[PDB]
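>>> need the 3D shape of this:
(4 chains, ligands or ions: 1)
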Protein chains: 4
Amino acid sequence: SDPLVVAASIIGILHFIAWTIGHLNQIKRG
Amino acid sequence: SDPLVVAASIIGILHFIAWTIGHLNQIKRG
Amino acid sequence: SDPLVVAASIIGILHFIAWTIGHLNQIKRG
Amino acid sequence: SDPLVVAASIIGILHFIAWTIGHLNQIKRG
Ligand SMILES: C[C@@H](N)[C@]12C[C@H]3C[C@H](C[C@H](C3)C1)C2
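Residues are numbered from 1 along each chain as shown, chains lettered A, B, ... in the order given. Take a look at the structure below.
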């Protein structure tokens, strides 16, 4: 079922959760 | 089929805009 | 012509070139 | 003939590994 489309996407969402922790640079470092 | 293709890309604009605020750190440099 | 599939990846490569700037994150330490 | 869909998923694996590199920046700080 066109698993090719879901595979990339799946990683796409995986990056967001990682983003929040990375944002801490901004918050802290004004 | 459920819009799998657009569903993933939808988030993409989010990651793009969030990117800019990141660079904001290098400014002060320190 | 399923422009959705081709147009969405475009951003994908755009992030890689910007990525290298991040190296500056630790370049200044120790 | 241009597997765009699979083309993205192939790149991401590259991002995931470099991604952790940032974590040095924050952890040390907090
Ligand atoms: C880069 C990402 N938004 C995707 C990855 C794959 C190719 C394009 C459509 C869809 C699946 C999402 C672009």
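>>> for the residue in chain A positioned nearest to chain B, give its distance to residue A:23.
Going by CB to the nearest CB, chain B is nearest to residue A:9 of chain A, at 3.2 Å. All C-beta spots, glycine's among them, are computed from the backbone N, C-alpha and C. Using CB to CB, to the nearest Å, one gets 22 Å for the distance from residue A:9 to residue A:23.
>>> more crowded one of these two?
The neighbour comparison of residue A:9 against residue A:23 (other CB atoms under 10 Å in any protein chain shown) goes to residue A:9, with 22 against 13.
>>> name the element the more buried one belongs to?
Using DSSP states H and E, residue A:9 falls within helix A:3-28.
>>> check which helices and strands that helix is in contact with.
In terms of contacts (3 or more CB pairs under 8 Å, 6 or more residues apart in numbering or on different chains; DSSP states H and E), helix A:3-28 is packed against helix B:4-28, helix D:4-29.
>>> quickly check: stretch A:10-19 near the ligand or not.
Yes: contact between stretch A:10-19 and the ligand, assessed by CB under 6 Å from any ligand atom, occurs at residue A:12.
>>> ok, the residue of chain A closest to chain B to residue C:15 distance?
Here the criterion is CB to CB. By it, residue A:9 lies 15 Å from residue C:15.
>>> how about residue A:17?
Distance from residue A:17 to residue C:15, by CB to CB: 17 Å.
>>> the two: which is more packed in?
More crowded of residue A:17 and residue C:15, by other CB under 10 Å: residue C:15, with 15 against 8.
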